[PDB]
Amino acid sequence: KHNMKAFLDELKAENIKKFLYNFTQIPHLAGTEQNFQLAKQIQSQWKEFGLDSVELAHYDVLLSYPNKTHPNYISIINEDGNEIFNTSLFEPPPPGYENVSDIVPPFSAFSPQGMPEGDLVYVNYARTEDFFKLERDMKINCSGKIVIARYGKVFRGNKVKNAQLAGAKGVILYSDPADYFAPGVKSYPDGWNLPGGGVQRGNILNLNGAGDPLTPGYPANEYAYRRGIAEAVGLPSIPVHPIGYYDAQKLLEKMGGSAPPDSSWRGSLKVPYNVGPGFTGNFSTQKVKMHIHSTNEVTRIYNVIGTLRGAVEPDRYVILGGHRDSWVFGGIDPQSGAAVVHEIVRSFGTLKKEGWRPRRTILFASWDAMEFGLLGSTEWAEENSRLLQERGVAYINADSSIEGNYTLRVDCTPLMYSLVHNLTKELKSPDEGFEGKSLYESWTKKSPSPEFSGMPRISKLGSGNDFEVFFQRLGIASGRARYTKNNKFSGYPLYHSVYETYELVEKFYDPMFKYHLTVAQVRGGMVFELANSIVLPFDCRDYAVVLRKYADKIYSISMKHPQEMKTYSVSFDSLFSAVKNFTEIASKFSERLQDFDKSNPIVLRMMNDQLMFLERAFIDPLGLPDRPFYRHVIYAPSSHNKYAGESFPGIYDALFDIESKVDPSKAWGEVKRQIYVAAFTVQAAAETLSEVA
């Protein structure tokens, strides 16, 4: 038969390995010829695998590249202006790749040009609370200083935003061994650790969902009208550059001024971690000078879009998407995900050649320019937003399949919790010691839910990946899954470095490609069920449970300020009422879904439309404050860390640091406004599940 078991059994570890090798021999940087050639290859292969149509969708978007004849670097300069120490111009290439052409040197994409010179302030992870500690407690002024921050904990674009608002004139980002060197493991090529010359690339935008900085709201097609640079979205105002820990040690060792305020400020290098400003007395006249010469450039990018037309509901789309562009070789990021998508397409195509079609249409996507700010997925969704909002059932992401080899990680909408528990109970665990047991059993054992016994942890969707437009802008139920470590926002040690190669994966992460196969089964199995189940596999009651958890959470935050809640009459009663109503209505809808006349395809589709439009109901067309492309009222990326999800984000940001606002009546008024918007949106989403007439 053609059922999910036939699909899953066709997936092969050895195929995923072959595809990964094939995708990682040369760099595939967005906007380069090599990445266009790989796009054409995937288009051709998906056609041969049997998809109905496979097209390239191109856009011309703002990208950023170093200047090949005017390299970026940082110096220590003495009082005469001689450069006595320079940081590296490139990472030492790994064995056997020392002659590979077109490895982009480490840089921070979208940095402006400049050569600022000044004194160093060390700002730990450059988090909002790190800057609070510096200004408010230690009384250190970052204005006109160059800040040096360690990578880790939060998205680097938030670090740069925080440094700008502190008045910094430049930012140096570096990888501390505390965060990127696991104890007892060797440096690449002899293990999976970051060597001292390794450096993490990455963009430093603050797009808040906008996509291409020059075309917010509309696809960057041939006739698009572009903002000028000065009005672009999300560009940093100060120069930024990343370095490795050999170079950081040279910048940090001479630091003077104030001692670190506590041990959470100290990394693992043999330096004091002094906050500064500037260097100890002997070197007090030396300064640090950046030299950044990168350029922003409108450049063509290419998404591959494959279609497998549905047999019964061709106007309902289940999307499996992940990116193709990499910083260098992309051994983990993204090609361990792209190889998994390739094998899933191949498997679905095998069934199609034998005469099967899924019930609903499946769309497969290979996105471009993700590393430069989710640009390819966002421009495509801008072009196709009307089709997606009326027809989009679900989006399953497919970036890196592995970030470790310990257990499964799933982040998704509550609407998919039941689907994921049920599927993982049917899959075999690949873990040592769990031979013959389910993936559900190994996952629940290694990653227990903090809330429920005998359940696994499933996280909120945050951002920093290509589901953002589909979930937080358009309100399409979304999910992601990968194998993970036992620190989740800092990246694995060789993240975005030249050392992330096929050999890294084959030698140190997944020699038998069994974790890749398990992830292919989870992502593919989810797509299969979403595209084939007669009734969509969403359980609205799971949203009711989480809404109550998030309401309790945000109420608890507010209750730290009881005097103000009395003065300004701040009540959460309306939000709890809406959550209670959602719980009651979802329970009654679930009974009808179980009970309805199963011979009636209009009641079924009516009820399938109620399930599909439930995530859509949490969208507010006015967006969140000053972030028009984050429209979901229950979930947004954290305003302090794009990678993390925040619940009831409008109320959360209205309450954050509220005790510091100079006009408390205005600040608590805005808390009340956000409570009203959240209560109304929960009630309105509940009412979409009521009987329709």
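A residue's number is simply how far along the shown sequence it sits, counting from 1. So that the term is clear: the rigid core is the largest set of C-alpha atoms that superpose within 1.5 Å between two forms.
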Exercise. Just give me the stretch that moves more in 5 other deposited structures of this protein: 119-127 or 491-499, judged by RMS C-alpha distance after a core fit.
Key: 491-499
Practice problem: Using none, 1 to 3, 4 to 9 or 10 or more, say how many deposited residues go missing between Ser101 and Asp102. | Solution: none
Quiz item: Higher mean Cα B-factor in the deposited model: 594-602 or 312-320?
Solution: 594-602
Quiz item: Comparing 360-368 with 181-189, where is the mean C-alpha B-factor higher?
Solution: 181-189
Exercise. Tell me which of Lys289, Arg480, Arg391, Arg300 tops the list for C-alpha B factor in the record.
Key: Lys289
Quiz item: Of the options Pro621, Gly306, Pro213, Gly257, which has the highest CA B factor as deposited?
Solution: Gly257
Quiz item: Looking at the C-alpha B-factor of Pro649, is it in the lowest, middle or highest third of its chain?
Solution: lowest
Quiz item: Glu529's Cα B-factor: lowest, middle or highest third of the chain?
Solution: middle
Quiz item: Lowest, middle or highest third: where is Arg156 by Cα B-factor in its chain?
Solution: lowest
Quiz item: Where does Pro637 sit by CA temperature factor within its chain: lowest, middle or highest third?
Solution: lowest
Self-check item: Ranked C-alpha temperature factor of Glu659 among modelled chain residues, by third
Solution: highest
